[PDB]
Structure formats: structure tokens, C-alpha cells
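Heads up, my_file.txt below (compact mmCIF, C-alpha atoms):
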# COMPACT_ATOMS: atom_id res chain seq x y z
CA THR A 1 -171.56 58.38 -108.40
CA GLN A 2 -169.01 57.55 -105.67
CA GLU A 3 -167.36 54.10 -105.46
CA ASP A 4 -164.06 52.27 -104.91
CA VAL A 5 -161.62 52.22 -107.82
CA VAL A 6 -158.09 51.03 -108.51
CA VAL A 7 -155.44 53.53 -109.58
CA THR A 8 -152.23 52.29 -111.14
CA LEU A 9 -149.03 53.98 -112.29
CA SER A 10 -146.52 52.14 -114.47
CA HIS A 11 -142.75 52.34 -114.28
CA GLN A 12 -142.95 53.72 -117.83
CA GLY A 13 -145.30 56.52 -116.80
CA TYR A 14 -148.88 55.54 -117.70
CA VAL A 15 -151.78 56.18 -115.32
CA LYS A 16 -155.43 55.07 -115.24
CA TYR A 17 -158.34 54.06 -112.98
CA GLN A 18 -161.36 51.77 -112.86
CA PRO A 19 -164.06 50.40 -110.51
CA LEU A 20 -163.18 47.33 -108.43
CA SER A 21 -163.85 44.28 -110.62
CA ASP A 22 -143.21 48.79 -118.18
CA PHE A 23 -144.35 47.08 -114.98
CA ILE A 24 -146.63 48.13 -112.13
CA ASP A 25 -144.96 50.81 -110.01
CA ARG A 26 -147.83 51.66 -107.62
CA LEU A 27 -151.37 50.26 -107.20
CA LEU A 28 -153.81 52.22 -104.99
CA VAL A 29 -157.43 51.77 -103.88
CA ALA A 30 -159.47 54.94 -103.51
CA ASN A 31 -162.80 56.68 -103.96
CA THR A 32 -163.82 58.56 -107.16
CA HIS A 33 -163.97 61.75 -105.13
CA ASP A 34 -160.56 61.50 -103.45
CA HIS A 35 -157.77 63.83 -104.57
CA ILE A 36 -154.29 63.08 -105.83
CA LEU A 37 -151.40 65.49 -105.35
CA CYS A 38 -148.36 65.31 -107.65
CA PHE A 39 -145.04 66.97 -106.77
CA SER A 40 -142.22 67.63 -109.21
CA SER A 41 -138.43 67.93 -109.16
CA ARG A 42 -138.86 71.66 -109.76
CA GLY A 43 -140.88 72.27 -106.59
CA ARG A 44 -144.38 72.56 -108.03
CA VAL A 45 -147.62 70.79 -107.10
CA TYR A 46 -150.48 69.76 -109.43
CA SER A 47 -153.91 68.65 -108.20
CA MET A 48 -156.67 66.58 -109.78
CA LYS A 49 -159.74 64.66 -108.61
CA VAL A 50 -159.59 60.90 -109.11
CA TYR A 51 -162.41 60.93 -111.67
CA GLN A 52 -160.51 63.43 -113.83
CA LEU A 53 -157.98 60.68 -114.55
CA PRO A 54 -158.13 58.43 -117.65
CA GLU A 55 -160.68 55.66 -117.07
CA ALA A 56 -159.03 52.96 -119.20
CA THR A 57 -159.93 49.89 -117.13
CA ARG A 58 -159.25 46.24 -118.01
CA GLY A 59 -155.74 45.36 -119.16
CA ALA A 60 -153.40 47.90 -120.77
CA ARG A 61 -154.00 51.49 -121.93
CA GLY A 62 -153.99 54.77 -120.03
CA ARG A 63 -152.16 57.99 -120.90
CA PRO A 64 -148.73 59.19 -119.70
CA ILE A 65 -148.87 61.45 -116.63
CA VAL A 66 -146.62 63.92 -118.45
CA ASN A 67 -149.45 64.41 -120.94
CA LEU A 68 -152.08 65.29 -118.33
CA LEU A 69 -149.93 67.90 -116.62
CA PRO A 70 -148.28 70.95 -118.24
CA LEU A 71 -144.71 69.98 -117.32
CA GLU A 72 -141.45 71.48 -118.66
CA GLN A 73 -138.81 69.42 -120.51
CA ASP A 74 -136.55 68.15 -117.69
CA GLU A 75 -139.25 68.28 -114.96
CA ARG A 76 -140.13 64.93 -113.39
CA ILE A 77 -142.57 63.69 -110.74
CA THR A 78 -140.89 62.75 -107.46
CA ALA A 79 -143.90 61.89 -105.24
CA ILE A 80 -147.65 61.12 -105.44
CA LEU A 81 -149.93 61.49 -102.39
CA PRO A 82 -153.57 60.35 -102.10
CA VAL A 83 -155.83 62.66 -100.05
CA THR A 84 -159.34 61.91 -98.78
CA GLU A 85 -159.95 65.01 -96.67
CA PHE A 86 -157.77 68.07 -96.02
CA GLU A 87 -157.78 67.78 -92.21
CA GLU A 88 -156.56 70.56 -89.89
CA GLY A 89 -153.64 68.88 -88.11
CA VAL A 90 -151.67 67.25 -90.92
CA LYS A 91 -148.62 68.60 -92.75
CA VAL A 92 -146.77 68.22 -96.05
CA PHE A 93 -143.03 67.61 -95.46
CA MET A 94 -140.47 68.31 -98.21
CA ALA A 95 -136.76 67.53 -98.65
CA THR A 96 -134.30 68.84 -101.28
CA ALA A 97 -131.02 67.45 -102.65
CA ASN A 98 -128.84 70.17 -101.11
CA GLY A 99 -130.00 69.25 -97.60
CA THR A 100 -132.92 71.67 -97.14
CA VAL A 101 -136.32 70.79 -95.63
CA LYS A 102 -139.70 72.51 -95.18
CA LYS A 103 -143.29 71.96 -93.97
CA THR A 104 -146.75 73.46 -94.76
CA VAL A 105 -150.24 72.62 -93.38
CA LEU A 106 -152.34 70.40 -95.66
CA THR A 107 -155.16 72.99 -95.75
CA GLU A 108 -153.11 75.15 -98.13
CA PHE A 109 -153.57 72.62 -100.94
CA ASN A 110 -157.36 72.40 -100.52
CA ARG A 111 -158.47 74.16 -103.72
CA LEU A 112 -155.58 73.69 -106.17
CA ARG A 113 -155.95 73.66 -109.97
CA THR A 114 -154.73 71.07 -112.48
CA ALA A 115 -152.30 73.63 -113.92
CA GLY A 116 -150.31 73.70 -110.67
CA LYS A 117 -148.55 76.21 -108.43
CA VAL A 118 -145.35 76.64 -106.38
CA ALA A 119 -145.09 74.38 -103.29
CA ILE A 120 -141.49 75.25 -102.40
CA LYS A 121 -139.14 77.90 -103.84
CA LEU A 122 -135.74 76.51 -104.90
CA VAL A 123 -132.28 78.09 -105.14
CA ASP A 124 -130.59 77.66 -108.52
CA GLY A 125 -129.47 74.09 -109.17
CA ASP A 126 -131.40 72.31 -106.41
CA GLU A 127 -134.42 70.01 -106.63
CA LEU A 128 -137.22 68.41 -104.65
CA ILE A 129 -136.48 64.70 -104.07
CA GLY A 130 -138.77 63.70 -101.18
CA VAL A 131 -142.32 64.37 -99.95
CA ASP A 132 -144.58 62.75 -97.32
CA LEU A 133 -147.37 63.50 -94.81
CA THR A 134 -146.68 64.08 -91.09
CA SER A 135 -148.27 64.87 -87.72
CA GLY A 136 -147.77 64.62 -83.96
CA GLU A 137 -144.53 63.01 -82.79
CA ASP A 138 -143.42 61.73 -86.22
CA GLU A 139 -139.68 61.68 -86.93
CA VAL A 140 -137.71 62.44 -90.11
CA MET A 141 -134.66 60.65 -91.62
CA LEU A 142 -132.37 61.94 -94.43
CA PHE A 143 -129.83 59.67 -96.23
CA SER A 144 -126.91 60.83 -98.42
CA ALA A 145 -124.91 59.35 -101.33
CA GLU A 146 -121.65 59.16 -99.41
CA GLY A 147 -123.29 57.05 -96.71
CA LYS A 148 -124.32 59.56 -94.02
CA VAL A 149 -127.65 59.91 -92.17
CA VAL A 150 -129.41 62.17 -89.63
CA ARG A 151 -132.66 61.59 -87.68
CA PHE A 152 -134.86 64.19 -85.89
CA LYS A 153 -138.36 65.37 -84.84
CA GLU A 154 -140.73 67.00 -87.33
CA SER A 155 -141.83 69.31 -84.51
CA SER A 156 -138.42 70.98 -84.59
CA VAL A 157 -139.23 72.41 -88.05
CA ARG A 158 -141.35 75.59 -88.16
CA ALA A 159 -144.42 75.74 -90.42
CA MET A 160 -144.28 78.09 -93.44
CA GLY A 161 -146.32 79.34 -96.43
CA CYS A 162 -146.19 77.83 -99.94
CA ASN A 163 -143.94 80.46 -101.52
CA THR A 164 -140.83 80.14 -99.31
CA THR A 165 -137.49 78.31 -99.24
CA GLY A 166 -137.34 76.44 -95.92
CA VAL A 167 -134.54 75.59 -93.45
CA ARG A 168 -131.42 73.41 -92.89
CA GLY A 169 -131.86 69.63 -92.46
CA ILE A 170 -128.39 68.10 -92.86
CA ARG A 171 -124.94 69.65 -93.28
CA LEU A 172 -123.40 67.91 -96.31
CA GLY A 173 -119.75 67.51 -97.19
CA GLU A 174 -118.56 69.08 -100.45
CA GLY A 175 -119.98 67.11 -103.37
CA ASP A 176 -122.41 64.95 -101.38
CA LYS A 177 -126.20 65.02 -101.82
CA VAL A 178 -129.42 63.69 -100.30
CA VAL A 179 -130.98 60.72 -102.09
CA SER A 180 -133.80 59.58 -99.77
CA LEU A 181 -136.29 60.85 -97.18
CA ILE A 182 -137.86 58.45 -94.67
CA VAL A 183 -140.63 59.06 -92.13
CA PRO A 184 -140.25 55.89 -89.96
CA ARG A 185 -143.33 53.95 -88.86
CA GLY A 186 -142.93 50.71 -86.92
CA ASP A 187 -140.25 48.08 -86.30
CA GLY A 188 -139.28 47.42 -89.93
CA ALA A 189 -135.57 47.32 -90.79
CA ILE A 190 -133.82 49.91 -93.00
CA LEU A 191 -132.50 48.55 -96.36
CA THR A 192 -129.76 50.39 -98.30
CA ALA A 193 -128.14 49.70 -101.72
CA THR A 194 -125.07 50.95 -103.68
CA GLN A 195 -124.09 51.48 -107.33
CA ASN A 196 -121.92 48.37 -107.65
CA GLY A 197 -124.70 46.11 -106.37
CA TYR A 198 -124.00 45.87 -102.64
CA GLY A 199 -126.67 45.95 -99.90
CA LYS A 200 -127.65 45.16 -96.30
CA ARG A 201 -130.09 45.83 -93.46
CA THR A 202 -129.94 47.42 -90.02
CA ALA A 203 -132.59 47.52 -87.29
CA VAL A 204 -134.29 50.92 -87.37
CA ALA A 205 -133.72 50.96 -83.60
CA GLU A 206 -129.94 51.10 -84.26
CA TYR A 207 -130.19 54.59 -85.83
CA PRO A 208 -129.48 57.28 -83.18
CA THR A 209 -131.77 60.33 -82.83
CA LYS A 210 -129.88 63.66 -82.89
CA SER A 211 -130.55 67.23 -84.07
CA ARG A 212 -131.12 68.87 -87.44
CA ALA A 213 -128.44 70.79 -89.36
CA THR A 214 -125.54 68.54 -88.27
CA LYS A 215 -123.34 66.21 -90.34
CA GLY A 216 -124.93 63.05 -88.93
CA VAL A 217 -123.46 59.56 -88.52
CA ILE A 218 -122.58 56.52 -90.65
CA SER A 219 -125.25 54.35 -92.23
CA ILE A 220 -122.93 52.25 -94.42
CA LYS A 221 -119.22 52.51 -95.20
CA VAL A 222 -118.70 53.32 -98.88
CA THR A 223 -115.40 52.92 -100.78
CA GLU A 224 -114.17 52.44 -104.33
CA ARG A 225 -115.39 48.86 -103.95
CA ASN A 226 -119.14 49.20 -103.33
CA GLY A 227 -119.64 52.73 -104.62
CA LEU A 228 -122.17 55.46 -103.76
CA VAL A 229 -125.53 54.94 -102.06
CA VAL A 230 -128.42 54.78 -104.53
CA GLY A 231 -131.19 54.83 -101.92
CA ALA A 232 -132.58 53.71 -98.55
CA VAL A 233 -136.04 52.35 -97.65
CA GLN A 234 -137.89 50.81 -94.68
CA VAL A 235 -139.36 47.33 -95.27
CA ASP A 236 -140.98 44.29 -93.64
CA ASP A 237 -139.75 40.68 -93.58
CA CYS A 238 -142.56 39.76 -95.96
CA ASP A 239 -141.70 42.45 -98.54
CA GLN A 240 -139.64 42.09 -101.74
CA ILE A 241 -137.05 44.44 -103.28
CA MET A 242 -136.32 45.58 -106.82
CA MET A 243 -133.12 47.07 -108.27
CA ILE A 244 -132.68 48.50 -111.76
CA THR A 245 -129.46 49.31 -113.63
CA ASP A 246 -128.80 51.92 -116.31
CA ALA A 247 -128.33 48.99 -118.68
CA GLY A 248 -131.79 47.59 -118.09
CA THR A 249 -131.15 44.45 -116.06
CA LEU A 250 -133.77 43.99 -113.34
CA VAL A 251 -133.53 41.90 -110.16
CA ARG A 252 -136.06 41.10 -107.42
CA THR A 253 -135.13 39.79 -103.95
CA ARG A 254 -136.66 38.64 -100.67
CA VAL A 255 -135.94 41.00 -97.80
CA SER A 256 -135.73 37.95 -95.51
CA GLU A 257 -132.71 36.63 -97.43
CA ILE A 258 -130.65 39.71 -96.51
CA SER A 259 -128.71 39.78 -93.22
CA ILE A 260 -129.26 42.36 -90.50
CA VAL A 261 -125.91 43.82 -89.45
CA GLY A 262 -124.38 46.93 -87.92
CA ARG A 263 -124.14 50.34 -89.56
CA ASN A 264 -120.41 49.98 -89.99
CA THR A 265 -120.32 47.31 -92.71
CA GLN A 266 -120.12 47.42 -96.50
CA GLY A 267 -122.68 44.73 -97.25
CA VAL A 268 -122.34 41.87 -99.73
CA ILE A 269 -123.00 41.91 -103.45
CA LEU A 270 -126.66 41.10 -104.16
CA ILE A 271 -126.57 41.62 -107.93
CA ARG A 272 -123.73 41.18 -110.47
CA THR A 273 -122.83 44.79 -111.28
CA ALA A 274 -120.63 44.19 -114.36
CA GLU A 275 -118.13 46.97 -115.15
CA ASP A 276 -119.55 50.11 -116.81
CA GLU A 277 -123.01 49.35 -115.39
CA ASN A 278 -124.63 51.11 -112.41
CA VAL A 279 -127.67 50.54 -110.19
CA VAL A 280 -129.98 53.56 -110.51
CA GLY A 281 -133.24 52.51 -108.88
CA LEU A 282 -134.42 50.79 -105.69
CA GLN A 283 -138.00 50.32 -104.48
CA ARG A 284 -140.55 48.02 -102.86
CA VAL A 285 -142.39 45.86 -105.40
CA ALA A 286 -145.97 46.88 -106.17
CA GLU A 287 -148.29 44.81 -103.95

Would it be possible to restate this file's structure as C-alpha cells?
Amino acid sequence: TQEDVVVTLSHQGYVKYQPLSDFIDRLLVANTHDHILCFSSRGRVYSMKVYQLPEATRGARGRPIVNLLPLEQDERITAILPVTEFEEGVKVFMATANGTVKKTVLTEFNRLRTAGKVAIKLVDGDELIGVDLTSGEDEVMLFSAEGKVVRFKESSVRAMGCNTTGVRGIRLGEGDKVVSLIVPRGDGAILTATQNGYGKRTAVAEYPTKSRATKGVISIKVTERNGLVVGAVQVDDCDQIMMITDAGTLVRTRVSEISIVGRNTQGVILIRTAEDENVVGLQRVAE
């Protein structure tokens, strides 16, 4: 009984599926027999076949993902990856907030249970914030809150088993942390945004390629004026952006109406911050 279905996840946390016929966070098109891997902030991975999801269909409904998976109180989902086949040459690449990174071959997740298991062992106080698939000559980019960045080859990271810690990715200054992981694909520009509402773009070609475990270079100058970096993401001229504050205000924008400048700039306000209010989310709008 295999066929194409649509799988949606809402910003609020509800998930469902249905044959082809809060606000939308991610909309995917898959086959009833594809798999879906979910990674958490505590370094665990939970697996479930697409047909084991709630078939709500139509408009509205669907249960919260936190009610399908046996998660702990402060444990959240940081990445969701669709998988059709567990091919031999692909890897799972992980990045933590204290600057650590690690990779494992996709074949190790082939027969996982819904109850989950350890994907990466964490030192006290750290957490998994980024996960993606990689192969061949792919490169990796790590962005920090104080405006730094480093870019290197996935091949320079040695493959390891599921129950290990990993290696050094970026040397952070005291108090700084990693907020985004990017595996670059194409000529799209890199868009970055700060807490007080500032933002700008820079050609991905303007980001130098160095080595892992260093302090990296500047991606955007941060001061008391614009504040800390909330996130970074690669996008296309046709795409749209969304920013959310801790207050609740939401603003969408057209990537094309945002100037492409050098890495040493502070950007221009794109959304009226308003004292005592911070930007806490940045992402491409669900297409």
C-alpha cells in the first residue's frame, strides 16, 4: 500500500500525514514506506516509519510530536531528516553548542526503534544543535553568537560509532556558543540576523575556507547596538524569511530586498526590536 503523502510539522509541534489530494513549519512529500529520523537536544535519535505517524489528513488535527516519542521534560527536537534508503556512502553530521562535531555512517541507523537510542554522547551542560546528511567533497560551516565563523571539509573529520563524543570543530572565546550549522550547496547567499532586529547578506563565495579547531573569522560585527547573532542560513533570491520575537511579534521579508555587503558590517534594522524584546527565531518560510 505504497503511495505519495504529505507530511507537515507545525511551529506549535503537531505532526500528521495524508495521501496527495501555529503555522506550517515544514511540509514534505514522501512515500508511506520512507523513514523519518528525529534528533534531540540531548543527543538521542528516534526512528519511525512514515505510516506509523498520525494520519489526520484534511485541515487541522494531528498529535504533538512530544506525545509520540518518550521524551524527558526539557528535551526538544533540533532536526528532522527524511530517509528513503540507508545507502553505504552517506553520513550523519552532528554539531554541539560548545563547538564539538562528529560523524557516523547512515547504515548505523538502519534498524532503530521508536523508543530511541544514543546518537552522540554529551559532556555535562552541552547540547546537540545541528544535524544534516553529508558525502564526498561536502563542506561544513559553524556560526557563533558573538559573530564568528569557520568553514572546512567534512573529509577532515574521522568517522566514529554511535556511543562516542566526537572532536573539535571551532575554538570558542569564553562565553560564546555555536548557534547554527550549515552544509553549503550552491551559489545562494548567507543571511544572518541579531537580537535587536538587524540583518544582512554576504555572498557565500566571500567566506574563506580554513581548518577545523581554530577561532575562525568575522561574519558580522556585533556590538551593544545590534546585539548577539540569533542564527545564519543560506537562501535564494526567490525565498522569504521569518523572524520571531520572545514577545510574539512575527515578520516575513523578501530576501531580494536585503542588500549583499561585506562581512565587516553591522547590517540595518529589518524589524522594530522595541526595548525588552528579543528576536529568538529565524528560518525559511515553509514552501

Worksheet item: Which of these, A:233, A:20, A:243, A:159, has the shortest distance to residue 106 in chain A once you count all atoms listed in the file?
Response: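 Closest to residue 106 in chain A of all the choices is A:159.
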
Worksheet item: In terms of the shortest atom-to-atom distance over all atoms listed in the file, which of A:65, A:24, A:140, A:145 is closest to residue 284 in chain A?
Response: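 Closest residue, counting all atoms listed in the file: A:24.
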
Worksheet entry | Atom-to-atom span, CA of residue 258 in chain A and CA of residue 271 in chain A, Å |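 Spanning CA of residue 258 in chain A to CA of residue 271 in chain A is a straight-line distance of 12.3 Å.
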
Worksheet item: Using all atoms listed in the file, which of the listed residues (A:170, A:181, A:162, A:150) sits closest to residue 129 in chain A?
Response: A:181

Fill in: Among listed residues A:196, A:256, A:98, A:57, nearest residue 236 in chain A (using only C-alpha atoms)
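The shortest atom-to-atom distance to residue 236 in chain A comes from A:256.
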
Worksheet entry | Atom pair CA of residue 135 in chain A / CA of residue 193 in chain A: separation (Å) |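 A separation of 28.8 Å between them.
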
Worksheet entry | Atom pair CA of residue 105 in chain A / CA of residue 90 in chain A: separation (Å) |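 Rounded to one decimal, the two atoms are 6.1 Å apart.
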
Item to complete: List the neighbours of residue 171 in chain A out to 12 Å using only C-alpha atoms; skip same-chain residues closer than 4 positions along the sequence, and give me the result as a PyMOL selection string.
Response: chain A and resi 97-101+142-144+148-150+167+175-178+211-217

Return the padded bounding box of range 98-109 of chain A as AutoDock Vina command-line options: axis-aligned, built from all atoms listed in the file, 5 Å added on each side, with centre and edge lengths in Å to one decimal.
--center_x -142.0 --center_y 72.2 --center_z -97.2 --size_x 36.3 --size_y 15.9 --size_z 17.7

Worksheet entry | Selected residue, from A:169, A:147, A:70, A:281, that lies nearest to residue 102 in chain A when counting all atoms listed in the file | A:169

For residue 230 in chain A, list every protein, DNA or RNA residue within 8 Å, evaluated using all atoms listed in the file, and leave out those in the same chain fewer than 2 positions away; present the list as a compact mmCIF listing (two decimals) with C-alpha atoms, keeping the file's coordinate frame.
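After the write, selection-v1.txt holds the following:
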# COMPACT_ATOMS: atom_id res chain seq x y z
CA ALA A 145 -124.91 59.35 -101.33
CA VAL A 179 -130.98 60.72 -102.09
CA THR A 192 -129.76 50.39 -98.30
CA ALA A 193 -128.14 49.70 -101.72
CA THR A 194 -125.07 50.95 -103.68
CA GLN A 195 -124.09 51.48 -107.33
CA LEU A 228 -122.17 55.46 -103.76
CA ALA A 232 -132.58 53.71 -98.55
CA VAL A 279 -127.67 50.54 -110.19
CA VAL A 280 -129.98 53.56 -110.51
CA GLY A 281 -133.24 52.51 -108.88
CA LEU A 282 -134.42 50.79 -105.69

Discussion item. Calculated over all atoms listed in the file, which of the candidates A:15, A:108, A:38, A:113 has the smallest distance to residue 67 in chain A?
Written reply: A:15

With N, CA, C and O atoms as the goal, would you fill in the gaps in range 182-198 of chain A and present it as a short mmCIF file (atom, residue, chain, number, x, y, z; two decimals), keeping the file's coordinate frame?
data_model
loop_
_atom_site.label_atom_id
_atom_site.label_comp_id
_atom_site.auth_asym_id
_atom_site.auth_seq_id
_atom_site.Cartn_x
_atom_site.Cartn_y
_atom_site.Cartn_z
N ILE A 182 -137.01 59.48 -95.29
CA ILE A 182 -137.86 58.45 -94.67
C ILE A 182 -138.53 58.92 -93.39
O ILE A 182 -137.87 59.46 -92.50
N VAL A 183 -139.85 58.74 -93.32
CA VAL A 183 -140.63 59.06 -92.13
C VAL A 183 -140.91 57.65 -91.58
O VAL A 183 -141.79 56.95 -92.07
N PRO A 184 -140.13 57.22 -90.58
CA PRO A 184 -140.25 55.89 -89.96
C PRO A 184 -141.54 55.59 -89.21
O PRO A 184 -142.02 56.40 -88.41
N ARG A 185 -142.09 54.41 -89.49
CA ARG A 185 -143.33 53.95 -88.86
C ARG A 185 -143.25 52.45 -88.54
O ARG A 185 -143.43 51.61 -89.43
N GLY A 186 -142.99 52.11 -87.29
CA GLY A 186 -142.93 50.71 -86.92
C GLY A 186 -141.55 50.14 -86.65
O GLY A 186 -140.56 50.87 -86.54
N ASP A 187 -141.48 48.81 -86.58
CA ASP A 187 -140.25 48.08 -86.30
C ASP A 187 -139.52 47.50 -87.52
O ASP A 187 -138.59 46.71 -87.36
N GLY A 188 -139.93 47.91 -88.72
CA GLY A 188 -139.28 47.42 -89.93
C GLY A 188 -137.83 47.86 -90.04
O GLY A 188 -137.47 48.96 -89.61
N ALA A 189 -136.99 47.01 -90.62
CA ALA A 189 -135.57 47.32 -90.79
C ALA A 189 -135.33 48.28 -91.96
O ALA A 189 -136.17 48.39 -92.86
N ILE A 190 -134.19 48.96 -91.95
CA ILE A 190 -133.82 49.91 -93.00
C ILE A 190 -132.89 49.22 -94.02
O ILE A 190 -131.84 48.73 -93.64
N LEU A 191 -133.29 49.19 -95.29
CA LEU A 191 -132.50 48.55 -96.36
C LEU A 191 -131.82 49.58 -97.27
O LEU A 191 -132.49 50.46 -97.80
N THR A 192 -130.51 49.44 -97.47
CA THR A 192 -129.76 50.39 -98.30
C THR A 192 -128.97 49.67 -99.41
O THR A 192 -128.47 48.56 -99.20
N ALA A 193 -128.84 50.30 -100.58
CA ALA A 193 -128.14 49.70 -101.72
C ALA A 193 -127.20 50.67 -102.47
O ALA A 193 -127.51 51.85 -102.62
N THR A 194 -126.07 50.14 -102.96
CA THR A 194 -125.07 50.95 -103.68
C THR A 194 -124.98 50.69 -105.18
O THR A 194 -125.50 49.71 -105.69
N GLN A 195 -124.26 51.57 -105.88
CA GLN A 195 -124.09 51.48 -107.33
C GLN A 195 -123.50 50.20 -107.89
O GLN A 195 -123.90 49.76 -108.97
N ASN A 196 -122.55 49.60 -107.18
CA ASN A 196 -121.92 48.37 -107.65
C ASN A 196 -122.67 47.10 -107.24
O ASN A 196 -122.13 45.99 -107.35
N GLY A 197 -123.89 47.26 -106.75
CA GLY A 197 -124.70 46.11 -106.37
C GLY A 197 -124.67 45.59 -104.95
O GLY A 197 -125.21 44.51 -104.68
N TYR A 198 -124.05 46.32 -104.03
CA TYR A 198 -124.00 45.87 -102.64
C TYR A 198 -125.23 46.32 -101.83
O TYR A 198 -125.88 47.30 -102.19
#
